[PDB]
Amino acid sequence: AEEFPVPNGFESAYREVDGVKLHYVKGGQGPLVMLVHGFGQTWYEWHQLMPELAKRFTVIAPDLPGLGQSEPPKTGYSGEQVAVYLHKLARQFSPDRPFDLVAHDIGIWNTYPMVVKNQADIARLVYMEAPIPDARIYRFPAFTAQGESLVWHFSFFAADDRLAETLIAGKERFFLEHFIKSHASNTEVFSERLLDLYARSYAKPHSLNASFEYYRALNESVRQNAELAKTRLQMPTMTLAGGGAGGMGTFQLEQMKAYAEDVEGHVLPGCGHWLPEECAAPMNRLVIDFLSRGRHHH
């Protein structure tokens, strides 16, 4: 069985990487592009981009360790540890060419270290809607004059005593709808059915825990990145962010300018955090065009 519908022309499959069984959905032909999802979601957030991108590229969308249908990591949930799994998976399919990387939300946390450490393996890079873990995250406010803040969940999810699993268990669908909608500008793009699908996936006890372990490792990821960032990113990079409520706005590009020599950015009006759903068409277009400046299938 499958947690989410696989698009026509794609296949759902698994590969062992360092003893961890990773799930992914793959299709297309040409140079490889790996698409990495974030919190609350799975490979499926890319399902609208995939068929279009597959016309020019081989496209692989893995489930992060412990999430979707992927086994939990055996090393840990820090960015440097998880990035090893994703880098090695990519290299199984693109051993002889650099590959493209597109990441959203904690997909950024889980890829940055392998990108900065293996730059010859990366052709082009697209990051959307999340900070690279660094000291900037300590500046976000706990509370705002309009109500709940953007990232109070960093503390909720990082808390010990399995605080988040214990409170959210039995209310997974309820919590996820609140979380997604509170970070969206356009809530209409999230049908009750789509929310059902995402909730049933992350509600698996090992996936609910895995979800929060990424946050319990966040401070460690920040410390790792303080050393990694001594090396600038040299590949062509594009950032995307939502310009509406729930989005990162100008933060995304402004941070990336400190990390990357060659970066361009866009802020998408009318969209919040969930770009692939809230801003499917413009996001897809910007990604496809940016990656198509490099060698691809015609």
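Residue indices: 1-based, along the sequence shown.
So 166-174 or 146-154, which one's hotter by mean CA B-factor in the entry?
Stretch with the higher mean C-alpha B-factor: 146-154.
Looking only at CA atoms, which has the higher mean B factor in the entry: 156-164 or 135-143?
The entry gives the higher C-alpha B-factor average to 135-143.
Selection by C-alpha B-factor (highest) of 50, 253, 36, 248
The record points to 248.
Among the candidates 231, 69, 41, 239, give the one with the maximum CA B-factor reported in the record.
The listed residue with the largest C-alpha B-factor is 231.
Sorting the chain's CA B-factors, does residue 62 end up in the lowest, middle or highest third?
Answer is lowest: the recorded C-alpha B-factor places it there.
Lowest, middle or highest third: which one holds residue 24 when the chain's residues are ordered by CA B-factor from the entry?
Middle third, going by the recorded CA B-factors of the chain.
Consider only the C-alpha atoms of the modelled residues in this chain, order them by B-factor as the entry records it, and name the third containing residue 101: lowest, middle or highest.
Its C-alpha B-factor belongs to the middle third of this chain's values.
Third assignment of residue 196 from its chain's C-alpha B-factors
For residue 196, the deposited C-alpha B-factor lands in the middle third.
Going by the entry, which third of its chain does the Cα temperature factor of residue 181 land in?
Its C-alpha B-factor, which the entry lists for residue 181, ranks in the middle third among residues of this chain.
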